[PDB]
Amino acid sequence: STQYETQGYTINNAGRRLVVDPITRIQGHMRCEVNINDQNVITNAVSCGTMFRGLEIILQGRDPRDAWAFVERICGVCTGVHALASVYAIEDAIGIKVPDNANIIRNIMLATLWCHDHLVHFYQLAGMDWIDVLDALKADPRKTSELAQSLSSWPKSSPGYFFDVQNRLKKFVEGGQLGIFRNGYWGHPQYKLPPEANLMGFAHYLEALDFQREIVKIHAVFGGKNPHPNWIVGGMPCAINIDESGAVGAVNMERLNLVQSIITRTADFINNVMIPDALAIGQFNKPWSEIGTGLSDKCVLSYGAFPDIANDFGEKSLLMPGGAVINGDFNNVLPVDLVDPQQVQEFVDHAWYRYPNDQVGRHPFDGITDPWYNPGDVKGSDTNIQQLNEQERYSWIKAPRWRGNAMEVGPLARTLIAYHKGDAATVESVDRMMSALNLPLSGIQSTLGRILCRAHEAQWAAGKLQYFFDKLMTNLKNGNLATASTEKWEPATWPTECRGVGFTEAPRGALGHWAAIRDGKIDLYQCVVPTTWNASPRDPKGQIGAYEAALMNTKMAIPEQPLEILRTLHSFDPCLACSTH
């Protein structure tokens, strides 16, 4: 056993080893191991992506115009975001500018995704860490109604409704077929909601499971389907026709009316169901404002997103600010450049990949994806990992760093960046939220804060949906219908050699695709994805990533029941297929 110091932490692998494999209520495959000391406090944390597919390899030799369709299948949860990044990268390489309505529609596609993804995460993925579902069976329906009605104007709050929900749950459980609730952590001492709040929360879980299906109708109108809508290099394929013959074959007023209807319903659900639930979780779990800080008070990163000026990816265009903070210096938000080889680099000395020199980091235009499964000594065998060896290679996830620094990405990171760049709406929301909870600003830098920022962001995105739709309708009122630029559709028009970067803010954080084109085909395609940052393994200096840092120093009530580990990891919304691609 060994110990060393990094980033203010003492990493110590003495003591009992606990393994959590599989991590559930995430996308994809993850393993987590920790060591705990004699006070049941985590002194070592090990994040391991347990899947790989090799999209960067598969994309070689494809037509650049086809790339979005392949990379969209990196992930069906954050569906669409990789397609957006791909079309941005290819347009950047070739020198394609899209029409304004295409940019607006893309921004609608991204905002819709943010709404859908954050909603499903809150209820279906993270919710059962906070709500004790079996405890809902002890609630008083009248007190549940009174609680709901004190928190929100949402209509669905009658005592009879909550009694019906409760009775449905009782009948579900009665015969022993507990399904997704089987062998859960119910009764753990960290479940702090009263029975009435558990029943309210469970009712909202069911309402969100129903409602989420409506949100993605917007992707169906503009993109054909969800999951995995369609896109084009040059704009979008959903041609518009409002007032001419054949509008039945295009995006017409009836289609646009459907989109407006969905936007209204989506804002209503998020503002009156999800937002009050999140604030209530905060009110009853205030100690979690001091747990899981990790790198969120040290280093945070956003690339920025939602260009409001078509084809302008600068600071004056991006509605969602970019920037980096390092060394806990939030008074100096630094500019990010995704072409600068000294900024974003990926290390593989602790990952299952080959580089010619694994002690150095590679920028993605120099990136290499050559898989090498080599777990070293793992107390079992190469096909029976009992304990990963974190002194050696232990993950299918590469280790990204920014100027050599380990960063956190995602809703909390973005909120901190926007706050410290002086974005007025963010400063005002964050201050009001922390005031309503009677917590200091520093409480946001926590597992609780990640959850609150995500809910906030779902509200922000639902508002931006209306803003973007109104911009579209304004262009249509002015006779501007264009949705595609095709000047450089044909490969004969392209540079023989070119390269480009496409970037955005996915639900989970900063996303970049780096592409190089030669002789009409993809020569190189490298992705660095938000969970690649957060779930990162160690680098040659031993620096730990966001997940490992956030788990460090955490007290576990019952070592065998990893609820605290699940709470913190789920607060980052891990997407493991994204992370490994």
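When you see a residue number, it is the position in the sequence shown, counting from 1.
Asker: Quick one: say whether 443-451 or 507-515 has the higher mean Cα B-factor in the deposited entry.
Answerer: It is 443-451 that shows the higher mean C-alpha B-factor.
Asker: When the Cα temperature factors in the entry are averaged, is it 135-143 or 71-79 that ends up higher?
Answerer: For C-alpha atoms only, the mean B-factor is higher in 135-143.
Asker: So among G314, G249, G410, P400, who wins on Cα B-factor in the entry?
Answerer: Reading the PDB entry, the winner on C-alpha B-factor is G314.
Asker: Whose CA atom has the top B-factor in the entry, of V233, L209, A111, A280?
Answerer: Comparing C-alpha B-factors across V233, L209, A111, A280, the maximum falls on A280.
Asker: By the record's CA B-factor, is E254 among the lowest, middle or highest third of residues in the chain?
Answerer: Bottom third by C-alpha B-factor.
Asker: Place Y419 in the lowest, middle or highest third of its chain's C-alpha B-factors, as listed in the PDB entry.
Answerer: Highest third - that is where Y419 ends up once the chain's C-alpha B-factors are sorted.
Asker: What third of the chain does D539 rank in for C-alpha temperature factor, lowest, middle or highest?
Answerer: Middle third, going by the recorded CA B-factors of the chain.
Asker: Please place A239 in the lowest, middle or highest third of its chain according to the CA B-factor in the PDB entry.
Answerer: For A239, whose C-alpha B-factor we compare with every modelled residue in the chain, the answer is the lowest third.
Asker: Split the chain's modelled residues into thirds by Cα B-factor; is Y191 in the lowest, middle or highest one?
Answerer: Its C-alpha B-factor belongs to the highest third of this chain's values.
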